[PDB]
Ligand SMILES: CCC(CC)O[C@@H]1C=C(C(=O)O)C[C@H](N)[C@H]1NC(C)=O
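Next up: just one chain, as structure tokens, the form deposited without the ligand.
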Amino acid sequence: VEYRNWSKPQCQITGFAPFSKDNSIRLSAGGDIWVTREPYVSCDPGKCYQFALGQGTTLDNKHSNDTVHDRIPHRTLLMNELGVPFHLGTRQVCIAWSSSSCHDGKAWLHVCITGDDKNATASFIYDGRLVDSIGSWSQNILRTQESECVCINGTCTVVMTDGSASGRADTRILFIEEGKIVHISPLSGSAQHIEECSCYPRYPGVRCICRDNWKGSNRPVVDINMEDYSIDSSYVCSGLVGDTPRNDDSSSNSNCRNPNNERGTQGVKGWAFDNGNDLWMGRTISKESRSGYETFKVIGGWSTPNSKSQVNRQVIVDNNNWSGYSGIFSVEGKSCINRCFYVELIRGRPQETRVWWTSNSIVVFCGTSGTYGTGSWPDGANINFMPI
């Protein structure tokens, strides 16, 4: 087996087509299903897998109570084939309250973070064995992508942050060969806060669209040079911004370089990708809540500051339904590299207080060069039907 190089052009797409849905919460009302959050998707050269952070319990289980909390020692990374819900036969790949995973063409890498807030440990597991680890560098919740890392020619990269969630922090970009950390580069450029990067191969390098939790409702960009380990960063140009919270479309701004200081504090994991001067992006439909999900293309959204002409919009989840995190993954076709995305569909607390748990299902779409229609694919569980 050969290392992936992702050395094909990006598929020219017209939008996205339905790919997968797991119905986790509906199933949880009649079956033993893991409580999760922070899901993502990543594929080996043959097939795709769904991942999530378990909460060390199933939903219909008293331990599901107060699973709104992000960090407990019992969180583990779950991995199934895409479309297989997280049932009791699911493998817990590592201990993790924050993670990233990727396949380099030969084997899986998993980056798993657990332990004390002020002194966490990141474990690096490759091809079924622990190869490396690193401890917290800023003593304030060492944390990573919650989506797939990216490997080119046997070197995988992942973005990690340690430090304040509401002020300047310490972001580093790791380069890993067969599970071994071979280089660490500090964040460089104009991005001022980086969380939860959604990265993708853009041969010869890697590009990430992330979350600014401090001053920006525009999404930061991190560019990773795999030849020399140099880092650059900026913000997505589009005046239609991707974070939540954010200003309405008529009063939102981005200058490509600085955080916009528009409802900048807090955020949600998300994604976007460039195509020439244009930008494909997703976001919640609501400007303030993790509600709904839409995708569209922004004409000049990559190259032109404050561009706001969109086209090819698709509703993925209507605004009467809950969404959550979302992220990108890439899939190699015969001639081109395709871009796909998943959307986390969060149910329970804090928004729905009839139940005491917090969990999610997922829906997944992939880029298409063909045509498509309309729809809405929300979680679909009736909150009144659920065990509390």
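Residue indices: 1-based, along the sequence shown.
Unshown form deposited with the ligand bound; subsequent notes refer to it.
**Q** According to a 4.5 angstroms non-hydrogen atom cut-off, is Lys215 in contact with the ligand in the bound PDB entry?
**A** Because no heavy atom of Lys215 falls inside 4.5 Å of the ligand in the bound PDB entry, the answer is no.
**Q** Would you check, heavy atoms only and a 4.5 Å threshold, whether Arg37 touches the ligand in the bound PDB entry?
**A** Yes.
**Q** Is there a heavy atom of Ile231 lying 4.5 Å or less from a heavy atom of the ligand in the bound PDB entry?
**A** Answer no; every heavy atom of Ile231 is more than 4.5 Å from the ligand in the bound PDB entry.
**Q** When the contact criterion is heavy atoms within 4.5 Å, does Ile134 count as touching the ligand in the bound PDB entry?
**A** Taking the distances in the bound PDB entry, the answer for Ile134 is no, it never comes within 4.5 Å of the ligand.
**Q** Can you pick out, from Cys256, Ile181, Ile125, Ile141, the residue that has a heavy atom within 4.5 Å of the ligand in the bound PDB entry?
**A** It is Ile141 that has a heavy atom within 4.5 Å of the partner.
**Q** Under a 4.5 angstroms heavy atom criterion, identify the one residue in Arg207, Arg263, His103, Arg71 near the ligand in the bound PDB entry.
**A** Answer to the contact question: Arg71.
**Q** Since the chain is shown here on its own, which stretch among 193-201, 76-84, 125-133, 103-111 would lie within 4.5 Å of the ligand in the bound PDB entry, judged by heavy atoms?
**A** Within 4.5 Å of the partner lies stretch 193-201.
**Q** Hey, which residues along 75-101 are within 4.5 angstroms of the ligand in the bound PDB entry, non-hydrogen atoms only?
**A** Going through 75-101 in order - heavy atoms within 4.5 Å of the ligand in the bound PDB entry - the hits are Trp97, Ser98.
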